[PDB]
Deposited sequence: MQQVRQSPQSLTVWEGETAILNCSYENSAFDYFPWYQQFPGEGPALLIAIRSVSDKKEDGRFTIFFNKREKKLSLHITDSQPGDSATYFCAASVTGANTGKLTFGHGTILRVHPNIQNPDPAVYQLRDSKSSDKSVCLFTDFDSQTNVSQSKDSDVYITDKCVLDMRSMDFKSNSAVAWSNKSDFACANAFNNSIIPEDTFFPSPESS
């Protein structure tokens, strides 16, 4: 009866297709609604399928249901960064007339905005602690956190829902032997990365 969703976090670049998977154990589940939760609000119904149904289309969102394998998938095509949210799988036995829905633990989907020309660089910002900005890097970079406490690195911001004009996915490091040349020592940097 437990609902089990995979993966726990998915990260995608704009334009990809996201695959969020969900499986259940109770064979009596016959209604499977997906709820989308944006940061700071509470979940709203995204899209739902019944068991007598093989597929449910709705714009860029589609549910694929497989009764035999008790498996279920949400595809998001043309992933817009505005789709960055937590997505929950749910299921009720509608015949039991009980009104309670069983909920997955949800997968966090962060969509990356797309870069017209990558230009990896690490800049030093001015204080008015001092901060280092790693920015403009392409799909083949994963920012790992610091091997040192006392050095803080934030990797995945979320764009304001209303941003129209200057969307990027930078990383910020700060601390109190700390310079920006070494700041991202513990993560995988492109070889031709700018260091002014």
Extract from the deposited sequence all ranges with no corresponding C-alpha coordinates, numbering residues from 1. 1, 130-133, 182-183, 204-208
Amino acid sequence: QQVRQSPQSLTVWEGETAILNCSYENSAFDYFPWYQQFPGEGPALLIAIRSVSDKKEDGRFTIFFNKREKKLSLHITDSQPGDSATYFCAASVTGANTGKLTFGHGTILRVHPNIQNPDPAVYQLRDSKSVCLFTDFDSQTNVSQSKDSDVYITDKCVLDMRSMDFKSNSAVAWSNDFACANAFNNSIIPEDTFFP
From here on, numbers count along this sequence of modelled residues.
Residue stretch of maximal mean CA temperature factor, 38-46 vs 166-174: 166-174
Can you tell me whether 133-141 has a higher mean C-alpha B factor than 29-37 in this record, or the other way round? 133-141
If you compare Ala121, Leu125, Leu72, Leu101, which has the highest Cα B-factor in the entry? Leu125
Ranked by Cα temperature factor within the chain, is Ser84 in the lowest third, the middle third or the highest third? lowest
By the entry's values, the third containing the CA B factor of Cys180 is the highest
How does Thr77 rank on Cα B-factor within its chain, lowest, middle or highest third? middle
Cα B factor band for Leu20 (lowest, middle or highest third within the chain): middle
Going by what the PDB entry lists, where does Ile115 fall on CA B-factor within its chain: lowest, middle or highest third? highest
